[PDB]
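In what follows, a single structure is set out as structure tokens and then discussed.
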Amino acid sequence: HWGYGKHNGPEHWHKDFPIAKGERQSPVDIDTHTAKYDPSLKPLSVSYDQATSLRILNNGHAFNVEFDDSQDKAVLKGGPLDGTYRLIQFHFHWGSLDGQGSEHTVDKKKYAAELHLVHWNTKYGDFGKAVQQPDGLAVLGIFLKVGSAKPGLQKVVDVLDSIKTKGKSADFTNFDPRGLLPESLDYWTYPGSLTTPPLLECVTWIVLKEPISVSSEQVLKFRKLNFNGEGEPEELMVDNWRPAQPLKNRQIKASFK
Ligand SMILES: O=C(O)Cc1cccc([N+](=O)[O-])c1
Ligand SMILES: [Zn+2]
């Protein structure tokens with residue numbers, strides 16, 4: 001099955017998921033000089049005051065912080081979006097070293113990590129139906145750089161020891177994702193895909209310009225996770241990022257001047 005190695009990594013995914021070579025794949029490089037300011041874009045509305053996290057999961061590819069998405073409790077709206085998109089989970093992608101890890105790049109710059117807050121369009125009723133639609137998901141992507149610690153991330157880092165290996169979960173209630181957001185909500189947006197199989201072309205991407213800062217210690221704890229299951233040969237969970245894919249016939253739009 002797919003993963004991030006030599007033998008099963010991104011460069012192989014097309015064999016089981018031919019949409020890997022599609023017209024609207026993600027991530028992409030954001031060429032800041034060619035992304036045009038679009039005055040018709042709105043401010044993003046991130047409403048996470050009632051978000052109800054339930055659990056954290058090592059799925060063997062990353063870890064997921066999961067939310068109760070059975071009511072409109074944590075929603076993303078506005079920005080480039082029509083309608084209302086409910087938060088279901090967040091996760092990250094990161095590197096073996098601070099010089100890589102992000103999926104999107106900015107003028108070819110790779111950040112140490114990238115956070116993805118995944119939301120589904122309520123007009124499709126559930127996640128599984130939403131991923132079948134071109135406007136089914138909105139993913140908010142936030143870059144991480146290494147510097148000052150992010151106090152709001154620490155709760156997540158400290159639970160990771162309990163989900164070291166693939167298939168482990170742990171209760172993770174009352175975590176507030178507002179603590180992961182940067183000051184500005186300036187963004188780039190473009191139409192794209194999931195960045196892991198099945199790579200479905202169902203995402204409006206909203207990538208924030210301003211990274212968050214996390215400490216070296218925090219990211220080092222991400223890198224102590226394992227791709228393998230309990231008791232199997234240890235292979236550190238690092239470099240779980242898909243590289244930039246061809247932009248093809250897409251425009252990246254900027255919310256800011
Ligand atoms: O489980 C998976 O890898 C598929 C999946 C599910 C939800 C979000 C995703 N994304 O690319 O942001 C991908
Ligand atoms: Zn992701």
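Neighbour counts are summed over all protein chains in view; Cβ atoms, including those assigned to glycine, are modelled from backbone coordinates with ideal geometry. Read the figures in this text as sums done on the coordinates, not as results from a lab.
Scanning region 112-170 for residues that are in contact with a strand residue (DSSP E or B) (Cβ under 9 Å, 6 or more places away or on another chain), of a type in the set (S, T, Y) and more than 14 Å from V214 (Cα to Cα) yields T122, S162, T165, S169. Comparison of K6, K21, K36 shows that the only residue that is within 22 Å of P134 (Cβ to Cβ), loosely packed, with under 13 Cβ neighbours inside 10 Å and out of contact with any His (no Cβ under 7 Å at 6 or more places or on another chain) is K36.
Scanning region 62-89 for residues that are of a type in the set (S, T, Y) and surrounded by 18 or more Cβ atoms within 10 Å (Cβ to Cβ) returns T84, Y85. Of everything listed in (1) buried (at least 24 other Cβ atoms within 10 Å of the Cβ); (2) away from ligand 1 (no atom under 14 Å from the Cβ), the single unmet condition for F92 is (2).
Can you list the strands (runs of 3 or more DSSP E) found entirely within region 101-219 that contain at least 1 residues being within 15 Å of ligand 1 (Cβ to nearest atom) and buried (at least 22 other Cβ atoms within 10 Å of the Cβ)? Strands (runs of 3 or more DSSP E) meeting the threshold: 113-121, 137-146, 187-192, 203-208. Taking the criterion of being part of a loop (DSSP other than H, G, I, E, B), more than 15 Å from ligand 2 (Cβ to nearest atom) and out of contact with any helix residue (DSSP H, G or I) (no Cβ under 9 Å at 6 or more places or on another chain), the residues of region 58-78 that qualify are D68, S70, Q71, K73.
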